[PDB]
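For reference, query-v9.pdb (PDB, C-alpha atoms (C1' of nucleotides) and all ligand atoms):
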```pdb
ATOM      1  CA  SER A   1     -19.608 -42.829  68.613  1.00  0.00           C
ATOM      2  CA  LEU A   2     -18.714 -40.966  71.809  1.00  0.00           C
ATOM      3  CA  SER A   3     -16.169 -42.772  73.971  1.00  0.00           C
ATOM      4  CA  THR A   4     -17.850 -44.956  76.592  1.00  0.00           C
ATOM      5  CA  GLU A   5     -15.862 -42.861  79.063  1.00  0.00           C
ATOM      6  CA  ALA A   6     -17.616 -39.754  77.734  1.00  0.00           C
ATOM      7  CA  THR A   7     -21.357 -40.446  77.944  1.00  0.00           C
ATOM      8  CA  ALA A   8     -20.937 -41.645  81.531  1.00  0.00           C
ATOM      9  CA  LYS A   9     -19.517 -38.189  82.268  1.00  0.00           C
ATOM     10  CA  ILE A  10     -22.024 -35.858  80.608  1.00  0.00           C
ATOM     11  CA  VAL A  11     -24.854 -37.862  82.184  1.00  0.00           C
ATOM     12  CA  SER A  12     -23.558 -37.135  85.688  1.00  0.00           C
ATOM     13  CA  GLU A  13     -23.683 -33.458  84.717  1.00  0.00           C
ATOM     14  CA  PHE A  14     -27.040 -33.159  82.947  1.00  0.00           C
ATOM     15  CA  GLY A  15     -28.876 -36.198  84.271  1.00  0.00           C
ATOM     16  CA  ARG A  16     -31.913 -34.894  86.158  1.00  0.00           C
ATOM     17  CA  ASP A  17     -30.763 -37.080  89.057  1.00  0.00           C
ATOM     18  CA  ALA A  18     -27.416 -38.563  90.108  1.00  0.00           C
ATOM     19  CA  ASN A  19     -26.432 -41.034  87.386  1.00  0.00           C
ATOM     20  CA  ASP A  20     -29.434 -41.459  85.087  1.00  0.00           C
ATOM     21  CA  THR A  21     -29.635 -41.966  81.330  1.00  0.00           C
ATOM     22  CA  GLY A  22     -33.179 -41.183  80.246  1.00  0.00           C
ATOM     23  CA  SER A  23     -34.375 -37.669  81.059  1.00  0.00           C
ATOM     24  CA  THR A  24     -34.268 -34.952  78.403  1.00  0.00           C
ATOM     25  CA  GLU A  25     -31.460 -33.057  80.144  1.00  0.00           C
ATOM     26  CA  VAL A  26     -29.404 -36.227  79.737  1.00  0.00           C
ATOM     27  CA  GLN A  27     -30.960 -37.163  76.393  1.00  0.00           C
ATOM     28  CA  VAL A  28     -30.256 -33.808  74.741  1.00  0.00           C
ATOM     29  CA  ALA A  29     -26.718 -33.314  76.063  1.00  0.00           C
ATOM     30  CA  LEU A  30     -25.790 -36.854  75.039  1.00  0.00           C
ATOM     31  CA  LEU A  31     -27.116 -36.052  71.559  1.00  0.00           C
ATOM     32  CA  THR A  32     -25.821 -32.503  71.075  1.00  0.00           C
ATOM     33  CA  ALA A  33     -22.379 -33.840  71.983  1.00  0.00           C
ATOM     34  CA  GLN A  34     -22.100 -36.385  69.167  1.00  0.00           C
ATOM     35  CA  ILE A  35     -23.631 -33.712  66.938  1.00  0.00           C
ATOM     36  CA  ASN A  36     -20.971 -31.121  67.762  1.00  0.00           C
ATOM     37  CA  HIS A  37     -18.191 -33.677  67.313  1.00  0.00           C
ATOM     38  CA  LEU A  38     -19.368 -35.139  64.000  1.00  0.00           C
ATOM     39  CA  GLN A  39     -19.607 -31.568  62.705  1.00  0.00           C
ATOM     40  CA  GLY A  40     -15.840 -31.490  62.273  1.00  0.00           C
ATOM     41  CA  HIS A  41     -15.741 -34.978  60.781  1.00  0.00           C
ATOM     42  CA  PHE A  42     -18.333 -33.953  58.202  1.00  0.00           C
ATOM     43  CA  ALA A  43     -16.214 -30.872  57.508  1.00  0.00           C
ATOM     44  CA  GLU A  44     -14.128 -33.576  55.850  1.00  0.00           C
ATOM     45  CA  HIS A  45     -15.232 -35.929  53.061  1.00  0.00           C
ATOM     46  CA  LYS A  46     -18.721 -34.393  53.045  1.00  0.00           C
ATOM     47  CA  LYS A  47     -19.530 -37.110  50.502  1.00  0.00           C
ATOM     48  CA  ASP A  48     -20.670 -39.692  53.044  1.00  0.00           C
ATOM     49  CA  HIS A  49     -24.340 -39.493  52.041  1.00  0.00           C
ATOM     50  CA  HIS A  50     -24.859 -42.279  54.582  1.00  0.00           C
ATOM     51  CA  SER A  51     -23.142 -41.269  57.823  1.00  0.00           C
ATOM     52  CA  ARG A  52     -24.788 -37.876  57.354  1.00  0.00           C
ATOM     53  CA  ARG A  53     -28.240 -39.459  57.578  1.00  0.00           C
ATOM     54  CA  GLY A  54     -27.528 -40.554  61.127  1.00  0.00           C
ATOM     55  CA  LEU A  55     -26.447 -36.971  61.732  1.00  0.00           C
ATOM     56  CA  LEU A  56     -29.977 -35.982  60.711  1.00  0.00           C
ATOM     57  CA  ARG A  57     -31.836 -38.834  62.413  1.00  0.00           C
ATOM     58  CA  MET A  58     -30.324 -37.773  65.744  1.00  0.00           C
ATOM     59  CA  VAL A  59     -30.471 -34.040  64.997  1.00  0.00           C
ATOM     60  CA  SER A  60     -34.103 -34.333  63.916  1.00  0.00           C
ATOM     61  CA  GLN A  61     -34.629 -35.827  67.371  1.00  0.00           C
ATOM     62  CA  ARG A  62     -32.858 -32.948  69.104  1.00  0.00           C
ATOM     63  CA  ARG A  63     -35.483 -30.389  68.093  1.00  0.00           C
ATOM     64  CA  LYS A  64     -38.001 -33.207  68.538  1.00  0.00           C
ATOM     65  CA  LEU A  65     -37.341 -34.199  72.155  1.00  0.00           C
ATOM     66  CA  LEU A  66     -36.603 -30.558  72.972  1.00  0.00           C
ATOM     67  CA  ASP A  67     -40.292 -29.938  72.285  1.00  0.00           C
ATOM     68  CA  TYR A  68     -41.345 -32.494  74.899  1.00  0.00           C
ATOM     69  CA  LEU A  69     -40.217 -29.881  77.424  1.00  0.00           C
ATOM     70  CA  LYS A  70     -42.549 -27.191  76.070  1.00  0.00           C
ATOM     71  CA  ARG A  71     -45.439 -29.616  75.644  1.00  0.00           C
ATOM     72  CA  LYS A  72     -44.660 -30.701  79.210  1.00  0.00           C
ATOM     73  CA  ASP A  73     -42.405 -29.026  81.774  1.00  0.00           C
ATOM     74  CA  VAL A  74     -41.433 -25.733  80.131  1.00  0.00           C
ATOM     75  CA  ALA A  75     -39.646 -24.439  83.233  1.00  0.00           C
ATOM     76  CA  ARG A  76     -36.661 -26.612  82.287  1.00  0.00           C
ATOM     77  CA  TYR A  77     -36.712 -26.244  78.491  1.00  0.00           C
ATOM     78  CA  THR A  78     -35.122 -22.795  78.561  1.00  0.00           C
ATOM     79  CA  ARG A  79     -32.951 -23.916  81.480  1.00  0.00           C
ATOM     80  CA  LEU A  80     -31.722 -26.870  79.418  1.00  0.00           C
ATOM     81  CA  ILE A  81     -31.021 -25.161  76.092  1.00  0.00           C
ATOM     82  CA  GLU A  82     -29.301 -22.243  77.820  1.00  0.00           C
ATOM     83  CA  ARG A  83     -26.771 -24.934  78.737  1.00  0.00           C
ATOM     84  CA  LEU A  84     -25.666 -25.893  75.221  1.00  0.00           C
ATOM     85  CA  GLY A  85     -26.746 -22.603  73.694  1.00  0.00           C
ATOM     86  CA  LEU A  86     -28.915 -24.689  71.361  1.00  0.00           C
ATOM     87  CA  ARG A  87     -31.875 -23.241  69.459  1.00  0.00           C
ATOM     88  CA  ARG A  88     -30.272 -19.796  69.690  1.00  0.00           C
TER
ATOM     89  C1'   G B   1      39.532 -26.867 -68.393  1.00  0.00           C
ATOM     90  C1'   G B   2      37.853 -23.666 -64.242  1.00  0.00           C
ATOM     91  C1'   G B   3      38.767 -19.826 -59.787  1.00  0.00           C
ATOM     92  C1'   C B   4      41.832 -15.944 -58.244  1.00  0.00           C
ATOM     93  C1'   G B   5      46.263 -13.220 -60.634  1.00  0.00           C
ATOM     94  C1'   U B   6      49.718 -10.971 -64.388  1.00  0.00           C
ATOM     95  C1'   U B   7      50.527  -3.899 -68.992  1.00  0.00           C
ATOM     96  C1'   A B   8      45.850  -0.054 -61.754  1.00  0.00           C
ATOM     97  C1'   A B   9      51.698   3.684 -59.713  1.00  0.00           C
ATOM     98  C1'   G B  10      51.898   4.692 -55.667  1.00  0.00           C
ATOM     99  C1'   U B  11      52.905   7.386 -51.294  1.00  0.00           C
ATOM    100  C1'   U B  12      53.084  11.631 -47.628  1.00  0.00           C
ATOM    101  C1'   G B  13      50.934  16.195 -46.195  1.00  0.00           C
ATOM    102  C1'   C B  14      46.632  19.889 -46.408  1.00  0.00           C
ATOM    103  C1'   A B  15      41.024  21.118 -47.092  1.00  0.00           C
ATOM    104  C1'   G B  16      36.625  18.473 -47.430  1.00  0.00           C
ATOM    105  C1'   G B  17      32.418  14.084 -47.837  1.00  0.00           C
ATOM    106  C1'   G B  18      31.563   9.185 -44.952  1.00  0.00           C
ATOM    107  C1'   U B  19      32.667   5.611 -41.185  1.00  0.00           C
ATOM    108  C1'   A B  20      34.702   3.370 -36.323  1.00  0.00           C
ATOM    109  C1'   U B  21      35.728   4.648 -31.016  1.00  0.00           C
ATOM    110  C1'   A B  22      34.477   7.966 -27.512  1.00  0.00           C
ATOM    111  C1'   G B  23      28.460  11.920 -24.559  1.00  0.00           C
ATOM    112  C1'   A B  24      29.211  12.250 -31.058  1.00  0.00           C
ATOM    113  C1'   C B  25      23.833  17.320 -33.151  1.00  0.00           C
ATOM    114  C1'   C B  26      21.002  19.384 -28.314  1.00  0.00           C
ATOM    115  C1'   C B  27      17.386  19.114 -24.355  1.00  0.00           C
ATOM    116  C1'   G B  28      14.147  15.062 -21.402  1.00  0.00           C
ATOM    117  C1'   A B  29      12.959   9.974 -18.453  1.00  0.00           C
ATOM    118  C1'   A B  30      10.607   6.197 -14.983  1.00  0.00           C
ATOM    119  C1'   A B  31      14.590   3.736 -12.725  1.00  0.00           C
ATOM    120  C1'   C B  32      19.642   0.791 -11.196  1.00  0.00           C
ATOM    121  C1'   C B  33      24.197   1.004  -8.043  1.00  0.00           C
ATOM    122  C1'   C B  34      27.599   3.430  -4.181  1.00  0.00           C
ATOM    123  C1'   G B  35      28.520   6.572   0.175  1.00  0.00           C
ATOM    124  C1'   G B  36      26.340   9.807   3.554  1.00  0.00           C
ATOM    125  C1'   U B  37      22.127  13.035   6.419  1.00  0.00           C
ATOM    126  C1'   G B  38      17.578  12.318   8.693  1.00  0.00           C
ATOM    127  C1'   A B  39      12.573   9.468  14.166  1.00  0.00           C
ATOM    128  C1'   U B  40      12.306  18.784  15.865  1.00  0.00           C
ATOM    129  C1'   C B  41       6.468  15.582  11.335  1.00  0.00           C
ATOM    130  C1'   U B  42       4.896  10.371  12.114  1.00  0.00           C
ATOM    131  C1'   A B  43       4.662   4.680  13.711  1.00  0.00           C
ATOM    132  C1'   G B  44       6.303   1.529  18.007  1.00  0.00           C
ATOM    133  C1'   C B  45       8.858   1.322  22.283  1.00  0.00           C
ATOM    134  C1'   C B  46      11.849   3.251  27.068  1.00  0.00           C
ATOM    135  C1'   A B  47      12.580   6.587  31.449  1.00  0.00           C
ATOM    136  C1'   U B  48      10.451  10.399  34.055  1.00  0.00           C
ATOM    137  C1'   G B  49       6.618  14.314  35.134  1.00  0.00           C
ATOM    138  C1'   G B  50       1.364  16.144  34.441  1.00  0.00           C
ATOM    139  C1'   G B  51      -4.114  16.039  33.032  1.00  0.00           C
ATOM    140  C1'   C B  52      -9.464  14.253  33.402  1.00  0.00           C
ATOM    141  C1'   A B  53     -15.901  20.433  35.716  1.00  0.00           C
ATOM    142  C1'   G B  54     -19.970  18.364  37.250  1.00  0.00           C
ATOM    143  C1'   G B  55     -24.162  14.497  37.546  1.00  0.00           C
ATOM    144  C1'   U B  56     -25.488   8.908  37.562  1.00  0.00           C
ATOM    145  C1'   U B  57     -25.588   3.531  38.280  1.00  0.00           C
ATOM    146  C1'   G B  58     -24.449   0.837  42.046  1.00  0.00           C
ATOM    147  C1'   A B  59     -20.933  -5.493  41.778  1.00  0.00           C
ATOM    148  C1'   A B  60     -17.830  -8.141  45.101  1.00  0.00           C
ATOM    149  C1'   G B  61     -16.916  -7.831  50.562  1.00  0.00           C
ATOM    150  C1'   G B  62     -19.010  -6.700  55.151  1.00  0.00           C
ATOM    151  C1'   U B  63     -22.726  -5.793  59.893  1.00  0.00           C
ATOM    152  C1'   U B  64     -27.676  -7.104  61.589  1.00  0.00           C
ATOM    153  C1'   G B  65     -32.125  -9.727  61.762  1.00  0.00           C
ATOM    154  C1'   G B  66     -34.752 -14.079  59.646  1.00  0.00           C
ATOM    155  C1'   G B  67     -33.205 -18.592  58.534  1.00  0.00           C
ATOM    156  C1'   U B  68     -30.163 -24.131  58.418  1.00  0.00           C
ATOM    157  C1'   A B  69     -27.980 -29.438  62.905  1.00  0.00           C
ATOM    158  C1'   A B  70     -23.803 -26.437  60.151  1.00  0.00           C
ATOM    159  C1'   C B  71     -23.834 -24.540  55.362  1.00  0.00           C
ATOM    160  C1'   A B  72     -27.042 -23.049  51.453  1.00  0.00           C
ATOM    161  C1'   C B  73     -30.325 -19.181  51.425  1.00  0.00           C
ATOM    162  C1'   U B  74     -32.870 -14.343  52.376  1.00  0.00           C
ATOM    163  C1'   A B  75     -33.906  -9.010  53.543  1.00  0.00           C
ATOM    164  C1'   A B  76     -32.364  -4.579  54.876  1.00  0.00           C
ATOM    165  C1'   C B  77     -27.916  -0.989  55.891  1.00  0.00           C
ATOM    166  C1'   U B  78     -23.116  -0.463  54.559  1.00  0.00           C
ATOM    167  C1'   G B  79     -19.644  -0.643  51.018  1.00  0.00           C
ATOM    168  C1'   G B  80     -17.723   1.042  46.828  1.00  0.00           C
TER
HETATM  169 MG    MG C   1      41.563 -15.930 -66.342  1.00  0.00          MG
END
```

Could you write out this file's structure as structure tokens?
Ligand SMILES: [Mg+2]
Amino acid sequence: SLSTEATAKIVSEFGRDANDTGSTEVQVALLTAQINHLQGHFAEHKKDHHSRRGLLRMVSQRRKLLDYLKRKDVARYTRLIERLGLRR
RNA sequence: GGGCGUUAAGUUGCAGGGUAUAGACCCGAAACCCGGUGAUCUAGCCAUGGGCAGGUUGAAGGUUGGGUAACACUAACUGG
């Protein structure tokens, strides 16, 4: 997984408030990260029909939690995705 | 006793009949062997030049959108 030194960084950048691991801004970023990284890893082997599942489980959550914004505070949704370019 | 012999005179020319050896009365093979001339036709190849009116179909690749976590994938336009 992402280095312990990593998550603690991204959070202080996306976390709705100074140092907080829970809000979508923080949730998403923390997820998209491991997703972008693993992408390369999977570009290798590509036979790990197990590790890939996790890739899905978390990715399936990305689009999932991302909806919470719409269903709730939409004002940030677009402001959050525009950050990682997600959705496209 | 028997077989072959012993009272046939030959031989050398010349003309001729026949034979042997040679092409052997004459004309005729299909082929065999030897040494040369031929790839200006044609078969293959080698180098170097040239030729193919018009009309048609429309692959791969690509750009865009859709699409997938990323690919797959998909539809147009292009491309040829
Ligand atoms: Mg007698």

Original post:
Exactly which residues make up the result of the PyMOL selection byres ((chain B) within 12 of (chain A)) on this file, given as a ChimeraX atom specification?
Top reply: /B:67-71

Please, could you write that set of residues out with C-alpha atoms (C1' of nucleotides) as a PDB file, in the coordinates of the input?
```pdb
ATOM      1  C1'   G B  67     -33.205 -18.592  58.534  1.00  0.00           C
ATOM      2  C1'   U B  68     -30.163 -24.131  58.418  1.00  0.00           C
ATOM      3  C1'   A B  69     -27.980 -29.438  62.905  1.00  0.00           C
ATOM      4  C1'   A B  70     -23.803 -26.437  60.151  1.00  0.00           C
ATOM      5  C1'   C B  71     -23.834 -24.540  55.362  1.00  0.00           C
TER       6        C B  71
END
```

**OP:** I need the residue set behind the PyMOL selection byres (((chain A and resi 7) around 12) and not hetatm) for this file; please write it as a list in words.
**Re:**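 Applying the expression gives residues 1, 2, 3, 4, 5, 6, 8, 9, 10, 11, 12, 13, 14, 15, 19, 20, 21, 26, 27, 28, 29, 30, 31, 32, 33 and 34 of chain A.
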
**OP:** Between atom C1' of residue 72 of chain B and atom CA of residue 81 of chain A, measure the distance and give it in Å to one decimal.
**Re:** 25.0 Å

**OP:** Identify, counting all atoms listed in the file, the protein, DNA and RNA residues located within 9 Å of ligand MG 1 (chain C), and give them as a list in words.
**Re:** residues 2, 3, 4 and 5 of chain B

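In this model, the gap between atom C1' of residue 65 of chain B and atom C1' of residue 77 of chain B comes to 11.3 Å.
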
Subject >> Protein and nucleic acid residues near (-18.7, -6.8, 44.1) (cut-off 10 Å, only C-alpha atoms (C1' of nucleotides)) as a list in words >> reply: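 Taken together, the residues in range are residues 58, 59, 60, 61, 79 and 80 of chain B.
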
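The gap separating atom CA of residue 22 of chain A from atom CA of residue 83 of chain A is 17.5 Å, in Å to one decimal.
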
Subject >> Counting all atoms listed in the file, the residue of A:49, A:18, A:24, A:44 that sits nearest residue 74 of chain A >> reply: A:24

Incomplete segment 24-42 of chain A brought to N, CA, C and O atoms, written out as a short mmCIF file (atom, residue, chain, number, x, y, z; two decimals), in the frame of the given file:
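Printed below is part-v4.cif as written:
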```
data_model
loop_
_atom_site.label_atom_id
_atom_site.label_comp_id
_atom_site.auth_asym_id
_atom_site.auth_seq_id
_atom_site.Cartn_x
_atom_site.Cartn_y
_atom_site.Cartn_z
N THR A 24 -34.64 -35.82 79.51
CA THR A 24 -34.27 -34.95 78.40
C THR A 24 -32.90 -34.32 78.64
O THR A 24 -32.02 -34.39 77.78
N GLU A 25 -32.73 -33.69 79.80
CA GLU A 25 -31.46 -33.06 80.14
C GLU A 25 -30.31 -33.96 79.73
O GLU A 25 -29.33 -33.52 79.12
N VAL A 26 -30.43 -35.24 80.07
CA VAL A 26 -29.40 -36.23 79.74
C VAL A 26 -29.50 -36.60 78.26
O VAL A 26 -28.48 -36.69 77.57
N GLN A 27 -30.72 -36.81 77.79
CA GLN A 27 -30.96 -37.16 76.39
C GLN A 27 -30.32 -36.14 75.46
O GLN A 27 -29.43 -36.48 74.67
N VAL A 28 -30.77 -34.90 75.57
CA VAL A 28 -30.26 -33.81 74.74
C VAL A 28 -28.73 -33.72 74.75
O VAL A 28 -28.09 -33.89 73.72
N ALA A 29 -28.16 -33.44 75.92
CA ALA A 29 -26.72 -33.31 76.06
C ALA A 29 -25.98 -34.45 75.37
O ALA A 29 -25.03 -34.22 74.62
N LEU A 30 -26.42 -35.68 75.63
CA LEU A 30 -25.79 -36.85 75.04
C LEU A 30 -25.87 -36.80 73.51
O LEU A 30 -24.99 -37.31 72.82
N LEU A 31 -26.93 -36.18 73.00
CA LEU A 31 -27.12 -36.05 71.56
C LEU A 31 -26.30 -34.89 70.99
O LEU A 31 -25.49 -35.08 70.09
N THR A 32 -26.53 -33.69 71.53
CA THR A 32 -25.82 -32.50 71.08
C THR A 32 -24.32 -32.75 71.00
O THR A 32 -23.64 -32.25 70.10
N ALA A 33 -23.80 -33.53 71.95
CA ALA A 33 -22.38 -33.84 71.98
C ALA A 33 -21.94 -34.47 70.67
O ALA A 33 -21.17 -33.88 69.91
N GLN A 34 -22.44 -35.68 70.40
CA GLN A 34 -22.10 -36.38 69.17
C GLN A 34 -22.37 -35.54 67.93
O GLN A 34 -21.75 -35.74 66.88
N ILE A 35 -23.29 -34.59 68.05
CA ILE A 35 -23.63 -33.71 66.94
C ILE A 35 -22.54 -32.67 66.73
O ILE A 35 -22.16 -32.37 65.59
N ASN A 36 -22.02 -32.13 67.82
CA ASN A 36 -20.97 -31.12 67.76
C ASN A 36 -19.67 -31.74 67.26
O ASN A 36 -18.94 -31.13 66.49
N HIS A 37 -19.40 -32.96 67.71
CA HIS A 37 -18.19 -33.68 67.31
C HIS A 37 -18.21 -34.00 65.82
O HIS A 37 -17.34 -33.56 65.07
N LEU A 38 -19.22 -34.75 65.40
CA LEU A 38 -19.37 -35.14 64.00
C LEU A 38 -19.29 -33.96 63.04
O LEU A 38 -18.91 -34.11 61.88
N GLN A 39 -19.64 -32.77 63.53
CA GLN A 39 -19.61 -31.57 62.70
C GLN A 39 -18.24 -31.42 62.04
O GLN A 39 -18.16 -31.17 60.83
N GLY A 40 -17.18 -31.59 62.82
CA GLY A 40 -15.84 -31.49 62.27
C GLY A 40 -15.60 -32.59 61.26
O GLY A 40 -15.14 -32.34 60.15
N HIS A 41 -15.91 -33.82 61.66
CA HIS A 41 -15.74 -34.98 60.78
C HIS A 41 -16.37 -34.71 59.42
O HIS A 41 -15.74 -34.91 58.38
N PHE A 42 -17.62 -34.25 59.44
CA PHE A 42 -18.33 -33.95 58.20
C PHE A 42 -17.69 -32.80 57.44
O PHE A 42 -17.91 -32.64 56.24
#
```
